[PDB]
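J.: I'd like to ask some things about the structure below.
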Amino acid sequence: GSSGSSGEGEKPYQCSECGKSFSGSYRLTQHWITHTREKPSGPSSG
Ligand SMILES: [Zn+2]
Numbered sequence: 001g002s003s004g005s006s007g008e009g010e011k012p013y014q015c016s017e018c019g020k021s022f023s024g025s026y027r028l029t030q031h032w033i034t035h036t037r038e039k040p041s042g043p044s045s046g
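For the sequence shown, the deposited numbering begins at 1 and goes up steadily by one.
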C-alpha cells in the first residue's frame, strides 16, 4: 500500500552515499563533508 522504495519520508536534499536527510540544502553540505576526509582502503561500497 504505502511501503517500499517509494514511502513517506523522502527529502529533496537527502544524501545518497550513506543516506541522511537535513532541513535545508546548506545543512546537507556540512554532512557531505564526512565524504571527503574518509580515506577508505579500496573495496568498501557494494
Ligand atoms: Zn552521507
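Even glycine gets a Cβ: it sits at the ideal position worked out from N, Cα and C.
Closer than 7 Å: is that where the CB of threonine 36 sits relative to any heavy atom of ligand 3?
T.: Among the ligands present in this structure, namely ligand 1, ligand 3 is not found.
J.: Just to confirm, does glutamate 17 get its C-beta within under 7 Å of one of the non-hydrogen atoms of ligand 1?
T.: The answer is yes for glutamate 17.
J.: Grouping DSSP H, G and I as helix and E and B as strand, with all else coil, what is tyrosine 13?
T.: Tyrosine 13: coil per DSSP, three-state reduction.
J.: Note the first and the last residue of the continuous alpha helix (DSSP H) segment covering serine 6.
T.: Premise fails: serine 6 is in no alpha helix (DSSP H) and is neither H nor E.
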